[PDB]
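Scroll down for the structure; my scribbles are underneath it.
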Amino acid sequence: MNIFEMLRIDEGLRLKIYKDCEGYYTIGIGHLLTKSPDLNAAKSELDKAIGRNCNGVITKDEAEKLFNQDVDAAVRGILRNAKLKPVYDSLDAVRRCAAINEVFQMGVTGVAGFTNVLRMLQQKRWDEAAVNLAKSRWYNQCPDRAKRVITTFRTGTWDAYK
Ligand SMILES: [Ca+2]
Ligand SMILES: [Cl-]
Ligand SMILES: [Cl-]
């Protein structure tokens, strides 16, 4: 198991423009196209992201490319955010992967907004952190692909992906 295989499990590999479990226009392996309600935007965002005229469909090679870019962006997002970086760096290796996953799904701003969760994770209060993370829109709308991430913060093992 690793962060890539973890996110492939949580996000799947879709080659067609779909609305994800949070209701957003999406493609590949959990690549968020736009927070706009417009479908045109999704398509013009996809062409922008790929560098060719798609038409709302991509290759597995292209999905894997966006996916690497997106994992790379989640890690850089954490490291450049003053609230997340020290909490992240306090974490053991497996919890760090749950952290990357959470940001990949929800984005930096959303994740950094869980002030209490951050403090608890930093102090290694794993149960409290997990309890507080489950009190999110994310948890209610993508329950199976949120429960595994939260359980991972609780246990510090890969068992939920086994
Ligand atoms: Ca690291
Ligand atoms: Cl470790
Ligand atoms: Cl789900």
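We name chains A, B, ... following the order of the structure tokens; residues begin at 1 in each chain, and ligands are numbered from 1 as shown.
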**Prompt:** Excluding same-chain residues fewer than 5 positions from residue A:97, what lies within 10 Å of it counting only C-alpha atoms, as a PyMOL selection string?
**Reply:** chain A and resi 2-4+6-7+75+88+91-92+102-103+149+152-153+156+158
Residues of the last selection are to be written out with N, CA and C atoms, as a PDB file, in the first residue's frame.
ATOM      1  N   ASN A   2       0.352   2.313  -0.588  1.00  0.00           N
ATOM      2  CA  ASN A   2       1.051   3.612  -0.685  1.00  0.00           C
ATOM      3  C   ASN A   2      -0.014   4.674  -0.984  1.00  0.00           C
ATOM      4  N   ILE A   3       0.346   5.956  -0.986  1.00  0.00           N
ATOM      5  CA  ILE A   3      -0.623   7.044  -1.154  1.00  0.00           C
ATOM      6  C   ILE A   3      -1.379   6.959  -2.487  1.00  0.00           C
ATOM      7  N   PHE A   4      -0.635   6.527  -3.539  1.00  0.00           N
ATOM      8  CA  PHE A   4      -1.279   6.368  -4.862  1.00  0.00           C
ATOM      9  C   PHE A   4      -2.341   5.289  -4.931  1.00  0.00           C
ATOM     10  N   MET A   6      -3.823   3.978  -2.375  1.00  0.00           N
ATOM     11  CA  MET A   6      -4.854   4.453  -1.425  1.00  0.00           C
ATOM     12  C   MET A   6      -5.883   5.362  -2.073  1.00  0.00           C
ATOM     13  N   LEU A   7      -5.404   6.383  -2.764  1.00  0.00           N
ATOM     14  CA  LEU A   7      -6.288   7.285  -3.476  1.00  0.00           C
ATOM     15  C   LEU A   7      -6.964   6.626  -4.674  1.00  0.00           C
ATOM     16  N   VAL A  75       0.716  17.586  -1.569  1.00  0.00           N
ATOM     17  CA  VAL A  75       1.895  17.626  -0.685  1.00  0.00           C
ATOM     18  C   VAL A  75       2.445  19.063  -0.593  1.00  0.00           C
ATOM     19  N   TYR A  88       1.384  18.195  10.097  1.00  0.00           N
ATOM     20  CA  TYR A  88       1.845  17.139   9.181  1.00  0.00           C
ATOM     21  C   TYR A  88       3.179  16.575   9.592  1.00  0.00           C
ATOM     22  N   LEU A  91       3.452  14.014  12.349  1.00  0.00           N
ATOM     23  CA  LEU A  91       2.855  12.707  12.082  1.00  0.00           C
ATOM     24  C   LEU A  91       3.872  11.648  11.663  1.00  0.00           C
ATOM     25  N   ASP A  92       3.570  10.402  12.022  1.00  0.00           N
ATOM     26  CA  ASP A  92       4.320   9.240  11.549  1.00  0.00           C
ATOM     27  C   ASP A  92       3.950   9.014  10.082  1.00  0.00           C
ATOM     28  N   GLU A 102      -6.567  13.365   2.707  1.00  0.00           N
ATOM     29  CA  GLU A 102      -7.561  14.377   3.158  1.00  0.00           C
ATOM     30  C   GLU A 102      -7.451  15.670   2.372  1.00  0.00           C
ATOM     31  N   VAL A 103      -6.209  16.152   2.152  1.00  0.00           N
ATOM     32  CA  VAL A 103      -6.092  17.391   1.379  1.00  0.00           C
ATOM     33  C   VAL A 103      -6.417  17.189  -0.093  1.00  0.00           C
ATOM     34  N   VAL A 149      -9.999   7.022   5.577  1.00  0.00           N
ATOM     35  CA  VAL A 149      -9.044   8.038   5.906  1.00  0.00           C
ATOM     36  C   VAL A 149      -9.073   8.336   7.393  1.00  0.00           C
ATOM     37  N   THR A 152      -7.612   5.652   9.461  1.00  0.00           N
ATOM     38  CA  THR A 152      -6.175   5.614   9.279  1.00  0.00           C
ATOM     39  C   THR A 152      -5.523   6.606  10.248  1.00  0.00           C
ATOM     40  N   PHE A 153      -6.123   7.816  10.395  1.00  0.00           N
ATOM     41  CA  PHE A 153      -5.666   8.765  11.427  1.00  0.00           C
ATOM     42  C   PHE A 153      -5.792   8.169  12.835  1.00  0.00           C
ATOM     43  N   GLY A 156      -3.001   4.644  12.616  1.00  0.00           N
ATOM     44  CA  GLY A 156      -1.635   4.773  12.147  1.00  0.00           C
ATOM     45  C   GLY A 156      -1.171   3.532  11.373  1.00  0.00           C
ATOM     46  N   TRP A 158      -2.149   0.638   7.762  1.00  0.00           N
ATOM     47  CA  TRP A 158      -2.816   0.540   6.458  1.00  0.00           C
ATOM     48  C   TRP A 158      -4.048  -0.372   6.447  1.00  0.00           C
TER      49      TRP A 158
END
**Request:** Identify, on the basis of only C-alpha atoms, every residue whose closest approach to residue A:22 does not exceed 9 Å; exclude the query and any residue fewer than 6 positions from it along the same chain; express the result as a ChimeraX atom specification.
**Result:** /A:137-138,141-142
Written file, previous selection with C-alpha atoms, as a PDB file, in the first residue's frame:
ATOM      1  CA  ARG A 137     -19.845  17.447   5.291  1.00  0.00           C
ATOM      2  CA  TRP A 138     -17.095  15.300   3.709  1.00  0.00           C
ATOM      3  CA  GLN A 141     -21.398  12.677   1.596  1.00  0.00           C
ATOM      4  CA  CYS A 142     -18.411  10.393   0.813  1.00  0.00           C
TER       5      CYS A 142
END
**Message:** If you run DSSP on the backbone here, which positions in stretch 70-105 of chain A get alpha helix (DSSP H)? Please write them as a PyMOL selection string.
**Reply:** chain A and resi 70-79+84-90+93-105
**Fill in**
Among A:160, A:108, A:93, A:100, ligand 2 is approached most closely, using only C-alpha atoms and all ligand atoms, by A:93
**Request:** Just the strand (DSSP E or B) stuff from chain A, please, per backbone DSSP, written as a PyMOL selection string.
**Result:** chain A and resi 14-19+25-28+31-32+57
Take the residues from that selection and put them in a file with C-alpha atoms, as a PDB file, in the first residue's frame.
ATOM      1  CA  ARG A  14     -13.074   7.475 -14.287  1.00  0.00           C
ATOM      2  CA  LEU A  15     -12.463   8.397 -17.939  1.00  0.00           C
ATOM      3  CA  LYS A  16     -15.716  10.343 -18.259  1.00  0.00           C
ATOM      4  CA  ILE A  17     -16.881  13.621 -16.722  1.00  0.00           C
ATOM      5  CA  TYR A  18     -18.882  12.669 -13.601  1.00  0.00           C
ATOM      6  CA  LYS A  19     -20.272  14.500 -10.535  1.00  0.00           C
ATOM      7  CA  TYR A  25     -17.629  18.083 -11.981  1.00  0.00           C
ATOM      8  CA  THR A  26     -14.668  15.622 -11.857  1.00  0.00           C
ATOM      9  CA  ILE A  27     -12.494  13.202 -13.990  1.00  0.00           C
ATOM     10  CA  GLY A  28      -9.626  10.647 -13.872  1.00  0.00           C
ATOM     11  CA  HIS A  31      -9.373  15.389 -10.337  1.00  0.00           C
ATOM     12  CA  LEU A  32     -11.644  18.319  -9.410  1.00  0.00           C
ATOM     13  CA  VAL A  57     -12.915  12.009 -22.278  1.00  0.00           C
TER      14      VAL A  57
END
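Picture a line from atom CA of residue A:86 to atom CA of residue A:116; it runs 14.3 Å.
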**Asked** What lies within 9 Å of residue A:55 using only C-alpha atoms, ignoring chain neighbours under 6 positions off, as a PyMOL selection string?
**Response** chain A and resi 43+46-47
What would the file look like if the residues just selected were written as a PDB file, in the first residue's frame with N, CA, C and O atoms?
ATOM      1  N   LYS A  43     -15.673  21.122 -19.140  1.00  0.00           N
ATOM      2  CA  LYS A  43     -15.057  20.708 -20.400  1.00  0.00           C
ATOM      3  C   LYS A  43     -13.901  21.608 -20.764  1.00  0.00           C
ATOM      4  O   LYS A  43     -12.877  21.125 -21.235  1.00  0.00           O
ATOM      5  N   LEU A  46     -11.141  20.769 -18.343  1.00  0.00           N
ATOM      6  CA  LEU A  46     -10.460  19.548 -18.803  1.00  0.00           C
ATOM      7  C   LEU A  46      -9.461  19.789 -19.979  1.00  0.00           C
ATOM      8  O   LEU A  46      -8.323  19.318 -19.894  1.00  0.00           O
ATOM      9  N   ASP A  47      -9.887  20.508 -21.037  1.00  0.00           N
ATOM     10  CA  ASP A  47      -9.003  20.822 -22.182  1.00  0.00           C
ATOM     11  C   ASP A  47      -7.790  21.610 -21.697  1.00  0.00           C
ATOM     12  O   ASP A  47      -6.643  21.334 -22.081  1.00  0.00           O
TER      13      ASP A  47
END
Collect all residues with atoms no farther than 6 Å from ligand 3, counting only C-alpha atoms and all ligand atoms, and output them as a PDB file with N, CA, C and O atoms, in the first residue's frame.
ATOM      1  N   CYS A 142     -19.257  11.479   1.315  1.00  0.00           N
ATOM      2  CA  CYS A 142     -18.411  10.393   0.813  1.00  0.00           C
ATOM      3  C   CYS A 142     -18.045   9.524   1.987  1.00  0.00           C
ATOM      4  O   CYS A 142     -16.893   9.469   2.395  1.00  0.00           O
ATOM      5  N   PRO A 143     -19.032   8.839   2.569  1.00  0.00           N
ATOM      6  CA  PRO A 143     -18.789   8.056   3.784  1.00  0.00           C
ATOM      7  C   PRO A 143     -17.766   6.941   3.733  1.00  0.00           C
ATOM      8  O   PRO A 143     -16.979   6.859   4.674  1.00  0.00           O
ATOM      9  N   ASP A 144     -17.771   6.084   2.706  1.00  0.00           N
ATOM     10  CA  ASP A 144     -16.792   4.956   2.671  1.00  0.00           C
ATOM     11  C   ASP A 144     -15.338   5.379   2.420  1.00  0.00           C
ATOM     12  O   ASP A 144     -14.470   4.786   3.033  1.00  0.00           O
ATOM     13  N   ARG A 145     -15.157   6.373   1.533  1.00  0.00           N
ATOM     14  CA  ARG A 145     -13.904   7.086   1.123  1.00  0.00           C
ATOM     15  C   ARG A 145     -13.477   8.262   2.028  1.00  0.00           C
ATOM     16  O   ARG A 145     -12.475   8.965   1.717  1.00  0.00           O
TER      17      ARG A 145
END
**Asked** Do you have the atom CA of residue A:121-atom CA of residue A:150 distance handy?
**Response**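 A separation of 11.5 Å between them.
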**Option closest in space to residue A:11, from A:146, A:115, A:37, A:132 [counting only C-alpha atoms]** =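 Of A:146, A:115, A:37, A:132, the one nearest residue A:11 is A:146, counting only C-alpha atoms.
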